Every structure is written in C-alpha cells, then in structure tokens.
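[1] got a sequence here, can you build the structure:
(one chain, ligands or ions: 1)
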Amino acid sequence: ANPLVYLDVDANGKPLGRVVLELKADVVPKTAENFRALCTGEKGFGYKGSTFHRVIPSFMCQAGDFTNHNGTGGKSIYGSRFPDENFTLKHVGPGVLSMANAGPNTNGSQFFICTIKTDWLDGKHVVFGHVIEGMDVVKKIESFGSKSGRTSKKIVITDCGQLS
Ligand code: NA
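    Residues are numbered from 1 along each chain as shown. Please see the structure below:
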C-alpha cells in the first residue's frame, strides 16, 4: 500500500540524480497522499519546477515551497494547511522524510529530508516516509547548503512522480 515516489533534482541546471521515497500511507495516509499527489501533479500543481530553498549541512534539506520559493509558502492538496496527522513515526536518522511547518497544525507542502538523526523534532513534525534510494543525491544537495540554510546553487526538482 505504501507509494514509491521520486524526485529528480538538479543544481544550476546540472542533474544530481534521483531520490526515491517511500510514503508511509499505512501510518499517515492523509500526509502521504498529500505528498504523493504533489509529486504526480494530478491536482494541477505540485513540486515539479520548485526548489530546495533551505539546506543545512549535518541537519536536513528542505523543499516544497512551490508558491513563494523561500519557505513562507506552499499549499496542500486539501487547502492551505492541514492538521498534524499523528507523530507515530520518529526522526530516527538520515533519510527520514518529514513535514516542515510553522507550528502545530500548519502542514502545507514544505518537507525536509534529514541528513542526521533529528530526534528533537519528534512530536513536533510529522514524519511520513524515508529515502529508499538516492541518499547520495541527498548528500549532493546537502553539499550545496550552508549553516544558514542558504544554498550556493539553485537546487531544482526538475521532475517528480510515482513509481508504484
Ligand atoms: Na545546530
């Protein structure tokens, strides 16, 4: 039942590779389905053509603000925001896929892929998947970040979709 989706990512127009993510529809179906549909674009909008705007080495790579491209925007397939579904899944290490937010019950479209264990985010950010393949691509993304989050190159999700 768990979708496999993919992100194809470049830096300054140069492809970095493909990240494959499992979405834990068995634990957080509402959150998984939001991300799944934003990968396919089947609601008429989604991640394709948007950026990793905030990338912090030894922390995480954040993306999904396809409206403002700076961390202030994005929207879910349900509306602008939707509640925290649950906090069952934990930030157990590199490769965890989790919802960015602006506090309780503010999930939109922004998400992050961890590059370390970010356990202090447990109970505050909804984990909804993990990297199946392409953690080397995530590390390439991470290499273009900074401790401030600002990236040294424009990191673009050139394509995305569902594999199964
Ligand atoms: Na720190």
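[2] which helix or which strand is home to residue 31?
    If you go by DSSP states H and E, residue 31 is part of helix 29-40.
[3] which residues does the residue nearest to the spatial centre of the chain contact?
    Residue closest to the mean C-alpha point of the chain, counted by CA atoms, centre = their mean, is residue 111 at 3.3 Å. Residues near residue 111 by CB atoms under 8 Å, 6 or more residues apart in numbering: 35, 62, 63, 64, 97, 98, 99, 100. All C-beta spots, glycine's among them, are computed from the backbone N, C-alpha and C.
[4] would you agree the fourth one is in contact with residue 110?
    Yes. In this structure, residue 64 is within contact of residue 110 by CB atoms under 8 Å, at 4.0 Å.
[5] which residues do the two both contact?
    Joint contacts of residue 64 and residue 110 (CB under 8 Å, 6+ apart) are 74, 100.
[6] that older thread, which SSE is immediately downstream of the helix holding residue 31?
    strand 54-56.
[7] run through the neighbouring helices and strands of that following strand.
    strand 60-63 (3 or more CB pairs under 8 Å, 6 or more residues apart in numbering; DSSP states H and E).
[8] how far off centre is the strand it packs on?
    Put simply, strand 60-63 sits 6 Å off its chain's centre (CA atoms, centre = their mean, to the nearest Å).
[9] what lines up beside it in the sheet?
    When pairing is defined by DSSP bridges, strand 60-63 lines up against strand 54-56 (antiparallel), strand 111-114 (antiparallel).
[10] which strands or helices does whichever helix or strand comes after the last one pack on?
    By that I understand strand 111-114. Note on strand 111-114: by DSSP H and E, the next helix or strand toward the C-terminus is strand 127-133. Secondary-structure packing of strand 127-133 (3+ CB pairs under 8 Å, 6+ apart): strand 14-23, helix 29-40, strand 96-99.
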